[PDB]
Amino acid sequence: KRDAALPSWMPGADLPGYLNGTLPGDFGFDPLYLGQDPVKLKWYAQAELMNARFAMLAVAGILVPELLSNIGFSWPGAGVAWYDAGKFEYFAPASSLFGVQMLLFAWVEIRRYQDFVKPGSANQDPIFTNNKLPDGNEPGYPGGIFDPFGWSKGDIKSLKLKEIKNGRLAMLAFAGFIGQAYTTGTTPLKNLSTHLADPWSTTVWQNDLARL
Amino acid sequence: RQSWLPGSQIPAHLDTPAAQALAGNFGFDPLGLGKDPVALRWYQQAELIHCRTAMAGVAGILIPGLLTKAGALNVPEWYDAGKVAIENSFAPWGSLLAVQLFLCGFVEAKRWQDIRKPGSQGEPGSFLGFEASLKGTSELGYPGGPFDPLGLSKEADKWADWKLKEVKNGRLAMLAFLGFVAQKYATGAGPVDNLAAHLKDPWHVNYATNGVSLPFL
Amino acid sequence: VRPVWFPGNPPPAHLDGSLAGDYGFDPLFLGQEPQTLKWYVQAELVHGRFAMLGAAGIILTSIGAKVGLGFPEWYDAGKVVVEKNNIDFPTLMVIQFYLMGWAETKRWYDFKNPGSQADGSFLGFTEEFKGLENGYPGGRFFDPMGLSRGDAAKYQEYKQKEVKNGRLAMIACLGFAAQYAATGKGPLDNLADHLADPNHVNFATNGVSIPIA
Amino acid sequence: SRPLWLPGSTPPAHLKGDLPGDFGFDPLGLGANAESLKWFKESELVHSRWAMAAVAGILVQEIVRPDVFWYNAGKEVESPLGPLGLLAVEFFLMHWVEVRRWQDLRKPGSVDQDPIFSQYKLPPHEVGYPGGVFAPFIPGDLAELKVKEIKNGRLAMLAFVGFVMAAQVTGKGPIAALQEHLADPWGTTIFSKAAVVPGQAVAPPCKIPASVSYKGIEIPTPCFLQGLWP
Ligand code: CHL
Ligand code: CHL
Ligand code: CLA
Ligand code: CLA
Ligand SMILES: CC(/C=C/C=C(C)/C=C/[C@@]12O[C@]1(C)C[C@@H](O)CC2(C)C)=C\C=C\C=C(C)\C=C\C=C(C)\C=C\[C@@]12O[C@]1(C)C[C@@H](O)CC2(C)C
């Protein structure tokens with residue numbers, strides 16, 4: 001039932017009709033029919049954006065710090081694996097940092113949720129009432145102060161597709177960090193160097209068979 | 001029409017519009033226990049209370065157990081916690097239990113009287129202004145009001161799905177607790193210890209080799 | 001008019017010749033009631049198909065043992081497999097009744113309610129579990145080559161072959177048990193001994209079958 | 001109307017000479033169902049094309065590399081890429097190629113487009129005969145060439161089976177085994193080395209080791225249905 005002009009995750013396949021192509025990154029992939037219900041699909045679309053944008057920040061926050069250390073840049077946190085950052089000594093105890101984090105994230109997340117329930121109802125600054133986001137925004141794409149450079153005024157449809165594509169790739173990358181670190185016990189870029197050193201004897205088959 | 005046993009004859013008393021409006025109706029009543037409509041209404045309340053208590057109880061055994069294994073917490077086995085807690089307690093278990101019966105008895109009595117006369121606990125003047133919030137909703141077993149702080153039940157388009165999830169997880173939790181009791185006697189270890197032992201060697205560590213469940217073999 | 005098991009005797013009324021392998025043999029009238037006959041038709045086919053698998057499995061492994069490829073005798077295979085491979089017998093027994101219980105129960109409730117297993121309740125599969133006839137499932141899973149979906153006349157011929165080979169296998173399996181009890185040897189040890197001296201090595205000289213001899 | 005596998009016989013009803021290489025041979029009636037025949041027709045071409053390349057490949061290996069037995073070529077070959085490196089590349093490349101071929105069979109015309117370069121597409125074609133880039137040169141009539149392909153293909157399928165059983169019975173490559181036949185034709189046939197009569201069965205011994213040690217593991221190497229050998 002899906003339009004044949006739309007791109008497909010499996011060329012030639014007959015895909016569900018409810019994925020009509022409005023959402024970005026709509027390739028008709030839903031073999032388990034999780035998004036069949038329109039009410040749940042609405043929630044999943046936002047959840048995909050949220051997990052996708054945190055994954056992109058997280059992946060960039062795990063490679064660049066490791067890349068800089070390998071280059072030679074020196075700073076107190078250099079050379080610390082992403083899975084050992086918790087034990088590192090910061091200016092404040094980790095417990096107090098977590099407490100501040102939840103209070104700050106309670107404010108912004110409840111503001112974001114208010115918009116999802118009633119879009120356009122959280123666009124106004126509560127203190128400096130003059131400030132406000134433009135009235136045309138949609139859930140998940142605030143704009144206004146969140147888009148200071150005005151990129152959203154261009155080809156928005158292409159930009160949203162680029163965002164979700166990079167986001168889906170970042171989500172897989174973070175899942176790779178968990179699996180690779182758990183099985184190899186080393187940082188992701190060290191794993192890449194091992195693979196490039198001898199690609200033909202460093203596959204997951206080679207590595208896991210040895211550990212078997 | 002989803003059934004617990006595809007191709008079997010669904011009981012007639014579970015195919016009525018009233019019965020099919022119950023959450024989790026898969027046509028399962030081989031003993032005909034719910035054949036009487038009045039009894040089915042009472043047993044539906046019993047299933048919800050067992051579901052919700054089992055879910056809270058099993059979560060109070062499984063989550064602390066998993067965290068204890070991970071080292072986040074240090075909680076004893078569910079079957080030893082009562083003794084450990086009472087030693088460091090401020091009251092003997094007899095006085096602790098008696099207070100529990102008084103407090104539980106009071107709220108259970110109010111729920112009991114609501115089953116017999118739905119909405120009757122909203123009788124003006126009975127409670128100190130709070131009776132208005134004790135009328136419940138149009139469905140027995142779903143009080144709402146102060147019992148639903150986030151107001152998730154107000155979403156009509158999601159109401160049927162919420163109820164099905166509750167009964168499905170509730171039925172699963174009840175079987176999990178029955179599994180904990182059986183596995184405690186069969187193996188003499190904790191539920192997470194049983195899970196780890198099975199995963200270590202699934203084909204040699206199970207109930208067919210515990211020496212209790214299958215005596216004929 | 002059709003050939004019968006006892007030439008000259010008319011076939012019974014309830015055996016009208018439509019079923020495969022119908023030779024009018026029911027001297028005890030066990031299948032007189034039509035609903036009982038349908039159940040028995042499936043029972044004969046399930047027995048026959050299990051016996052055909054058992055006869056072929058016993059024969060093949062017996063050949064391997066005879067030509068010295070290291071196979072055990074069918075009456076010793078169970079012990080050798082569990083001990084050699086370190087398999088818990090009760091665990092294997094439980095898995096067997098899970099898998100057979102699932103397949104048998106679905107077959108059971110298709111007999112009680114034909115086509116009831118094709119509603120999509122099992123993982124969404126619909127047509128593969130509809131069934132074609134009593135005791136003849138058909139479909140893409142049970143008949144992947146669609147030999148029941150081609151020539152109707154050819155299909156009826158295969159039904160006659162299946163039941164006849166099935167009855168022969170059931171008799172053969174009874175022979176394996178009786179011959180092992182009488183001789184204590186494997187099926188092809190018995191065959192080899194008979195061929196060496198047919199006149200003097202047979203059931204009449206084994207010291208068991210004819211006790212008065 | 002057409003030559004038959006058994007001259008003087010009547011072909012089955014479901015075979016009418018439409019397909020290339022149709023000589024009315026289907027004694028068991030496996031192709032009576034139309035849907036089955038479409039799958040079997042595709043399968044026969046794939047088996048035949050694989051067998052033709054393999055038979056040609058084995059023959060050239062023996063001539064070019066007479067010192068290596070094709071049956072042992074799996075373990076004797078040593079390359080830097082290693083065992084699992086080679087297998088990983090083969091798995092992914094074959095998975096892509098086979099799924100695309102498979103999709104055309106299910107839904108013809110749906111995988112004729114080049115995924116990467118949008119200007120390249122396969123012209124419409126029959127299932128199993130993808131023209132275009134796959135067929136830059138067609139020497140003559142397709143109908144005649146399709147018959148030639150399947151006839152040579154059915155011969156190569158039997159040839160490969162002959163290579164396997166000859167190798168297991170003689171331990172020699174196809175050409176070496178042939179020269180053994182020519183030296184003593186009356187004492188080298190399968191009849192000359194095997195026989196079964198009531199009371200005695202004589203079979204040749206499997207000339208392939210029961211197991212092979214390969215880079216620290218043991219690979220079983222059983223003869224095919226040895227217990228059933230004549
Ligand atoms: C996306 C979320 C997220 C993820 C995936 C992780 C993942 C991880 N954190 Mg991290 N954290 C995350 C958010 C946060 N962490 C922390 C604070 C910490 C701390 C303080 C520690 C970790 C550690 C760990 C690791 C736990 C496994 C381990 O080694 O156990 C075994 C545990 C240990 C060997 C640690 C023993 C000493 C430790 C001081 C004991 C107390 C630890 C706390 C109970 C941690 C509580 C974390 C909670 C609040 C998220 C793992 C790599 C641990 C680590 O890096 O270990 C090498 C660690 O010590 N995290 C905060 C608060 C700012 C977070 C806020 O969002
Ligand atoms: C058409 C495929 C094919 C065929 C017919 C053969 C045939 C043979 N190989 Mg060769 N090989 C084949 C592919 C490959 N081989 C090898 C690597 C080897 C080695 C290392 C050895 C052989 C050996 C042998 C011989 C005996 C093997 C045996 O009895 O194993 C018994 C059967 C098994 C051990 C396993 C059977 C597996 C199953 C039939 C198929 C599994 C399919 C996969 C799960 C699919 C996914 C993977 C992808 C790539 C398709 C025999 C001549 C042995 C030899 O030379 O002996 C003298 C030997 O030592 N082969 C590779 C890796 C590059 C292959 C890749 O395709
Ligand atoms: C985002 C994609 C991505 C990438 C680029 C890599 C890259 C690498 N992985 Mg990782 N991995 C990923 C995801 C990824 N992984 C995920 C999701 C998991 C969880 C299952 C793992 C689990 C894992 C293990 C357990 C191991 C590696 C290892 C490796 C190395 C290659 C050898 C190997 O066995 O790979 C196997 C990798 C996979 C089977 C991942 C398949 C799934 C991804 C998403 C496929 C994407 C394909 C697509 C065409 C894009 C690829 C190219 C693009 C990024 C430019 C290399 C450093 C090995 C290593 O560290 O060697 C030193 C190793 O042992 N990975
Ligand atoms: C079924 C196909 C097949 C397979 C699986 C093999 C397998 C093998 N061959 Mg053989 N071979 C084949 C066909 C095949 N051959 C054909 C058709 C020919 C005739 C040209 C040969 C000629 C040949 C020779 C002369 C030799 C082998 C050797 C080998 C071995 C080492 C291969 C190697 O080092 O590759 C390394 C691979 C490369 C350097 C790159 C190869 C790239 C090719 C040319 C691309 C082909 C594309 C084509 C479209 C594929 C069609 C596949 C299929 C549909 C037919 C290995 C056992 C060697 C041997 O015996 O070693 C002990 C050896 O000396 N083969
Ligand atoms: C309430 C419940 C469990 C409650 C558990 C609690 C509070 C546990 C609390 C604690 O653990 C903590 C947290 C911490 C520990 O340190 C201490 C304790 C105090 C131990 C289980 C119910 C468990 C209930 C179960 C298992 C009921 C099963 C019923 C079945 C199968 C009925 C089937 C049928 O009736 C039908 C539906 C239809 C008929 O036609 C046919 C038949 C077959 C009769």
# chains A, B, ... in the order shown; residues from 1 in each chain; ligands from 1

$ interface_residues --of "chain B" --to "chain A" --cutoff "12 Å" --atoms "only C-alpha atoms" --output "list in words"
residues 155, 156, 157, 158, 159 and 161 of chain B

$ write_last_selection --atoms "N, CA, C and O atoms" --output "PDB file, in the first residue's frame"
ATOM      1  N   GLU B 155      -6.845   9.709  29.067  1.00  0.00           N
ATOM      2  CA  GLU B 155      -6.621   9.562  27.631  1.00  0.00           C
ATOM      3  C   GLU B 155      -7.458   8.391  27.133  1.00  0.00           C
ATOM      4  O   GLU B 155      -7.101   7.228  27.330  1.00  0.00           O
ATOM      5  N   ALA B 156      -8.580   8.696  26.481  1.00  0.00           N
ATOM      6  CA  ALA B 156      -9.497   7.644  26.055  1.00  0.00           C
ATOM      7  C   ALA B 156      -8.866   6.741  25.002  1.00  0.00           C
ATOM      8  O   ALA B 156      -9.064   5.521  25.027  1.00  0.00           O
ATOM      9  N   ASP B 157      -8.110   7.316  24.066  1.00  0.00           N
ATOM     10  CA  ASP B 157      -7.563   6.528  22.968  1.00  0.00           C
ATOM     11  C   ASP B 157      -6.543   5.497  23.435  1.00  0.00           C
ATOM     12  O   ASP B 157      -6.244   4.561  22.688  1.00  0.00           O
ATOM     13  N   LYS B 158      -6.003   5.645  24.643  1.00  0.00           N
ATOM     14  CA  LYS B 158      -5.010   4.726  25.177  1.00  0.00           C
ATOM     15  C   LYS B 158      -5.530   3.886  26.333  1.00  0.00           C
ATOM     16  O   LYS B 158      -4.767   3.098  26.900  1.00  0.00           O
ATOM     17  N   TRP B 159      -6.806   4.023  26.693  1.00  0.00           N
ATOM     18  CA  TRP B 159      -7.309   3.387  27.905  1.00  0.00           C
ATOM     19  C   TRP B 159      -7.294   1.868  27.788  1.00  0.00           C
ATOM     20  O   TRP B 159      -6.830   1.172  28.698  1.00  0.00           O
ATOM     21  N   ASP B 161      -5.500  -0.053  25.932  1.00  0.00           N
ATOM     22  CA  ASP B 161      -4.147  -0.590  25.876  1.00  0.00           C
ATOM     23  C   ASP B 161      -3.484  -0.579  27.249  1.00  0.00           C
ATOM     24  O   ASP B 161      -2.750  -1.512  27.594  1.00  0.00           O
TER      25      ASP B 161
END

$ closest_atom_pairs --of "chain A" --to "chain D" --cutoff "10 Å" --atoms "only C-alpha atoms" --output "CSV"
residue,atom,partner,partner_atom,distance
A:10,CA,D:103,CA,9.2
A:11,CA,D:111,CA,6.6
A:12,CA,D:110,CA,4.8
A:13,CA,D:107,CA,8.2
A:14,CA,D:107,CA,9.9
A:198,CA,D:81,CA,9.2
A:199,CA,D:85,CA,7.7
A:200,CA,D:85,CA,4.4
A:201,CA,D:85,CA,6.1
A:202,CA,D:85,CA,8.2
A:203,CA,D:85,CA,7.2
A:204,CA,D:84,CA,9.7
A:205,CA,D:84,CA,7.1
A:206,CA,D:84,CA,6.8

$ residues_around --residues "residue B:176" --least-positions-apart "2" --cutoff "12 Å" --atoms "only C-alpha atoms" --output "VMD selection string"
chain B and resid 51 54 to 59 61 to 62 169 to 174 178 to 183 191

$ interface_residues --of "chain B" --to "chain C" --cutoff "8 Å" --atoms "only C-alpha atoms" --output "CSV table (one decimal) with C-alpha atoms, in the first residue's frame"
chain,number,residue,atom,x,y,z
B,2,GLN,CA,-7.7,-14.2,20.4
B,6,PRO,CA,-6.7,-21.8,19.0
B,7,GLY,CA,-9.5,-23.9,17.8
B,8,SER,CA,-11.0,-24.7,21.2
B,203,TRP,CA,21.2,-28.4,29.1
B,204,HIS,CA,22.3,-29.9,32.5
B,206,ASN,CA,17.1,-27.2,34.9
B,208,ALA,CA,14.5,-32.0,34.9
B,209,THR,CA,17.8,-32.5,36.8
B,217,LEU,CA,12.7,-40.0,36.0

$ closest_atom_pairs --of "chain A" --to "ligand 3" --cutoff "7 Å" --atoms "only C-alpha atoms and all ligand atoms" --output "Markdown table"
| residue | atom | partner | partner_atom_place_in_ligand_line | distance |
| --- | --- | --- | --- | --- |
| A:169 | CA | ligand 3 | 1 (C) | 5.9 |
| A:170 | CA | ligand 3 | 1 (C) | 6.9 |
| A:172 | CA | ligand 3 | 1 (C) | 4.7 |
| A:173 | CA | ligand 3 | 1 (C) | 3.9 |
| A:175 | CA | ligand 3 | 17 (C) | 4.9 |
| A:176 | CA | ligand 3 | 16 (C) | 3.5 |
| A:177 | CA | ligand 3 | 11 (N) | 7.0 |
| A:179 | CA | ligand 3 | 22 (C) | 4.9 |
| A:180 | CA | ligand 3 | 24 (C) | 4.5 |
| A:183 | CA | ligand 3 | 25 (C) | 6.0 |
| A:184 | CA | ligand 3 | 60 (O) | 6.2 |
| A:188 | CA | ligand 3 | 57 (C) | 6.8 |
| A:191 | CA | ligand 3 | 62 (C) | 4.2 |
| A:192 | CA | ligand 3 | 57 (C) | 3.9 |
| A:194 | CA | ligand 3 | 62 (C) | 5.2 |
| A:195 | CA | ligand 3 | 62 (C) | 5.0 |
| A:202 | CA | ligand 3 | 61 (O) | 5.4 |
| A:203 | CA | ligand 3 | 34 (O) | 3.5 |
| A:204 | CA | ligand 3 | 34 (O) | 3.1 |
| A:205 | CA | ligand 3 | 34 (O) | 6.2 |
| A:207 | CA | ligand 3 | 64 (O) | 5.5 |
| A:208 | CA | ligand 3 | 64 (O) | 6.7 |

$ interface_residues --of "chain D" --to "chain C" --cutoff "12 Å" --atoms "only C-alpha atoms" --output "ChimeraX atom specification"
/D:12-14,27-40,197-206,210,222-223,225-230

$ atom_distance --atom1 "atom 26 (C, counted along the ligand's line) of ligand 4" --atom2 "atom CA of residue D:73"
9.5 Å

$ residues_around --residues "residue C:77" --least-positions-apart "6" --cutoff "12 Å" --atoms "only C-alpha atoms" --output "PyMOL selection string"
chain C and resi 57-58+61-62+65+70-71+83-85+186

$ residues_near_ligand --ligand "ligand 4" --cutoff "10 Å" --atoms "only C-alpha atoms and all ligand atoms" --output "tab-separated table (two decimals) with C-alpha atoms, in the first residue's frame"
chain	number	residue	atom	x	y	z
D	46	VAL	CA	21.75	-22.04	-10.94
D	49	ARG	CA	25.88	-22.73	-14.08
D	50	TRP	CA	27.67	-23.45	-10.80
D	51	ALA	CA	28.50	-26.98	-11.95
D	52	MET	CA	29.84	-25.85	-15.33
D	53	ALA	CA	32.27	-23.39	-13.75
D	54	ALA	CA	33.31	-25.89	-11.07
D	55	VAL	CA	33.95	-28.68	-13.58
D	56	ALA	CA	35.93	-26.33	-15.81
D	57	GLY	CA	37.72	-24.99	-12.75
D	58	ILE	CA	38.71	-28.44	-11.50
D	59	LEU	CA	40.04	-29.53	-14.89
D	60	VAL	CA	42.20	-26.42	-15.33
D	61	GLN	CA	43.55	-26.68	-11.78
D	62	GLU	CA	44.75	-30.22	-12.46
D	63	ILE	CA	46.50	-29.20	-15.68
D	64	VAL	CA	47.99	-26.00	-14.26
D	65	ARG	CA	48.70	-27.42	-10.77
D	66	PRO	CA	48.95	-31.21	-11.13
D	67	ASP	CA	50.71	-31.47	-7.76
D	68	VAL	CA	47.63	-30.38	-5.76
D	69	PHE	CA	44.53	-32.57	-5.48
D	70	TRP	CA	41.36	-30.55	-6.04
D	71	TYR	CA	39.68	-32.47	-3.23
D	72	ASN	CA	42.45	-31.24	-0.89
D	73	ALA	CA	42.64	-27.71	-2.33
D	74	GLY	CA	40.65	-26.35	0.61
D	75	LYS	CA	43.37	-27.10	3.17
D	76	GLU	CA	46.44	-26.90	0.91
D	77	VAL	CA	45.71	-23.33	-0.20
D	78	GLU	CA	47.48	-20.75	1.97
D	79	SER	CA	46.88	-17.03	1.46
D	86	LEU	CA	38.17	-14.98	3.21
D	134	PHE	CA	25.38	-9.54	-17.93

$ residues_near_ligand --ligand "ligand 1" --cutoff "6 Å" --atoms "only C-alpha atoms and all ligand atoms" --output "CSV table (one decimal) with N, CA and C atoms, in the first residue's frame"
chain,number,residue,atom,x,y,z
A,83,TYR,N,34.6,4.8,29.6
A,83,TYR,CA,34.0,4.0,30.6
A,83,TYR,C,34.7,4.1,31.9
A,84,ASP,N,35.7,5.0,32.0
A,84,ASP,CA,36.4,5.2,33.3
A,84,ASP,C,36.2,6.7,33.7
A,85,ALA,N,35.4,7.5,33.0
A,85,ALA,CA,35.2,8.9,33.4
A,85,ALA,C,34.5,9.1,34.7
A,86,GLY,N,33.6,8.1,35.1
A,86,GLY,CA,32.9,8.2,36.3
A,86,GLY,C,33.8,8.2,37.6
A,87,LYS,N,34.9,7.4,37.5
A,87,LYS,CA,35.8,7.3,38.7
A,87,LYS,C,36.8,8.5,38.7
A,94,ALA,N,30.6,13.0,42.5
A,94,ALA,CA,29.7,12.6,41.4
A,94,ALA,C,28.2,12.7,41.9
A,97,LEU,N,26.9,16.3,41.5
A,97,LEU,CA,26.7,16.6,40.1
A,97,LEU,C,25.4,16.0,39.6
A,98,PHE,N,25.2,14.7,40.0
A,98,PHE,CA,23.9,14.1,39.5
A,98,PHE,C,22.7,14.8,40.1
B,72,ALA,N,25.4,-2.8,43.6
B,72,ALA,CA,24.9,-1.5,43.9
B,72,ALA,C,24.3,-1.5,45.3

$ select_by_dssp --residues "chain D" --states "helix (DSSP H, G or I)" --output "PyMOL selection string"
chain D and resi 34-64+70-76+82-106+132-134+142-170+174-183+185-187+190-193+226-228

$ atom_distance --atom1 "atom CA of residue B:66" --atom2 "atom CA of residue B:82"
18.5 Å

$ residues_around --residues "residue C:45" --least-positions-apart "2" --cutoff "9 Å" --atoms "only C-alpha atoms" --output "PyMOL selection string"
chain C and resi 40-43+47-50+135-136+162-163+166-167

$ atom_distance --atom1 "atom CA of residue D:212" --atom2 "atom 9 (N, counted along the ligand's line) of ligand 2"
10.5 Å

$ decode --residues "stretch 34-96 of chain B" --atoms "C-alpha atoms" --output "short mmCIF file (atom, residue, chain, number, x, y, z; two decimals), in the first residue's frame"
data_model
loop_
_atom_site.label_atom_id
_atom_site.label_comp_id
_atom_site.auth_asym_id
_atom_site.auth_seq_id
_atom_site.Cartn_x
_atom_site.Cartn_y
_atom_site.Cartn_z
CA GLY B 34 -16.80 -17.41 36.11
CA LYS B 35 -19.98 -18.81 34.59
CA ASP B 36 -22.15 -16.83 37.01
CA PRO B 37 -22.00 -13.12 36.02
CA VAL B 38 -22.00 -11.98 39.65
CA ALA B 39 -19.09 -14.29 40.47
CA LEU B 40 -17.12 -13.17 37.40
CA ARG B 41 -17.42 -9.56 38.56
CA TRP B 42 -16.00 -10.51 41.97
CA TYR B 43 -13.21 -12.66 40.50
CA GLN B 44 -12.24 -9.82 38.16
CA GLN B 45 -11.62 -7.66 41.23
CA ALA B 46 -9.66 -10.49 42.83
CA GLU B 47 -7.47 -10.87 39.74
CA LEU B 48 -6.66 -7.14 39.66
CA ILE B 49 -5.71 -7.08 43.35
CA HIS B 50 -3.57 -10.19 42.96
CA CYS B 51 -2.02 -8.73 39.80
CA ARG B 52 -1.08 -5.43 41.44
CA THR B 53 0.20 -7.01 44.65
CA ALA B 54 2.23 -9.61 42.75
CA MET B 55 3.76 -6.93 40.52
CA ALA B 56 4.85 -4.86 43.52
CA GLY B 57 6.07 -7.94 45.38
CA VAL B 58 8.01 -9.43 42.46
CA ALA B 59 9.58 -6.06 41.68
CA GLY B 60 10.58 -5.89 45.34
CA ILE B 61 12.39 -9.21 44.98
CA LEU B 62 13.86 -9.02 41.48
CA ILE B 63 15.12 -5.43 41.29
CA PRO B 64 16.90 -5.51 44.69
CA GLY B 65 18.25 -8.95 43.79
CA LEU B 66 19.68 -7.80 40.47
CA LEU B 67 21.20 -4.71 42.09
CA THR B 68 22.63 -6.84 44.90
CA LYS B 69 24.36 -9.08 42.35
CA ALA B 70 25.71 -6.00 40.56
CA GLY B 71 26.97 -4.67 43.91
CA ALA B 72 24.87 -1.49 43.90
CA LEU B 73 22.93 -2.72 46.95
CA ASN B 74 23.36 -5.37 49.64
CA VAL B 75 19.94 -6.95 50.22
CA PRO B 76 19.42 -10.50 51.54
CA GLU B 77 17.45 -13.17 49.74
CA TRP B 78 13.72 -12.50 49.69
CA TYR B 79 13.19 -15.58 51.88
CA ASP B 80 15.71 -14.30 54.46
CA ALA B 81 14.84 -10.59 54.47
CA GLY B 82 12.12 -10.89 57.11
CA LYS B 83 14.56 -12.22 59.69
CA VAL B 84 17.31 -9.73 58.82
CA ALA B 85 14.94 -6.76 58.92
CA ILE B 86 13.32 -7.65 62.24
CA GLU B 87 16.65 -7.94 64.07
CA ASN B 88 17.43 -4.29 63.23
CA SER B 89 13.80 -3.20 63.69
CA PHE B 90 12.13 -0.96 66.27
CA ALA B 91 9.20 -3.32 66.92
CA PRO B 92 8.58 -7.06 67.28
CA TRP B 93 6.95 -8.68 64.28
CA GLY B 94 3.76 -9.31 66.25
CA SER B 95 3.17 -5.62 66.93
CA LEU B 96 4.28 -4.78 63.39
#
